[PDB]
């Protein structure tokens, strides 16, 4: 008899995949579902980015010299680098991390003046060689180191209140100076008990500068501790102080939304991407990726597999 036979194709070039019943199935073809390749750069095409270079986000709000180019601006993307400078005079901010995060998600900052005036017996322009600009000693651009105008004299009881007349919350930072010696305290402020209280309608806190001997950084054995809040629209914030306050001259308004990236990778304006990590930028249509759990933007989900092949052909049965 004559005959007609039905059959399928095969390849010698077979591929192995996993199923519900078998861990090695040859199929004719298959495709990778887990992205393993990343670009060694930050793909910034068609984004208003801000590369902070040596500036740390917090320095933008207090006005460290390293951050002079970045005291104001708008951006949809902020880039932090690893040994960026936040502080000139040694110190620390309370809830630094929260503050760092609010700025990195902000998409822009504007500076509004406090209008605080002090009157004589206060010298409101203290400077230090820890915060150089040039020529000479300077201080944080957004704050004022207030000091008795006369060396030994007691610092006057003073009161300053800032009033938010905008319709958006403003961020206020201030510092408290912790001097290195009882002599230094006496010279900058009184020989009197120091006390600083800060109060709004929704916030209330008290501080005491504290004297003591400490290592030098870098620089100085004294310190500044920064503290901050949000002032609601229409609210007033009052500072009551008699020495030790590092007062705000400008407050900050954070503007909208932006993507904050922490990376040392260099910027590239010719590729686009919606996904970033420390090692750069990830651009793929695959649903999963191999590279890092710590990513930002619109990212495929991180998995612990080197490879997951999806079959794109039938079972392979060679001749």
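Positions refer to the first chain, counted from 1.
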query: Per the entry, higher mean C-alpha B factor between 167-175 and 129-137; finding: 129-137
query: Greater mean Cα temperature factor according to the PDB record, 73-81 or 112-120; finding: 112-120
query: Top Cα B factor in the deposited entry, candidates 201, 221, 160, 205; finding: 201
query: Third of the chain's Cα B-factor distribution that residue 15 belongs to, per the entry; finding: highest
query: Among modelled residues of the same chain, the CA temperature factor third for residue 24; finding: highest
query: Relative C-alpha B-factor of residue 269, binned into the chain's lowest, middle or highest third; finding: highest
query: For residue 242, the third of its chain into which the C-alpha B factor falls; finding: lowest
query: Relative C-alpha B-factor of residue 216, binned into the chain's lowest, middle or highest third; finding: middle
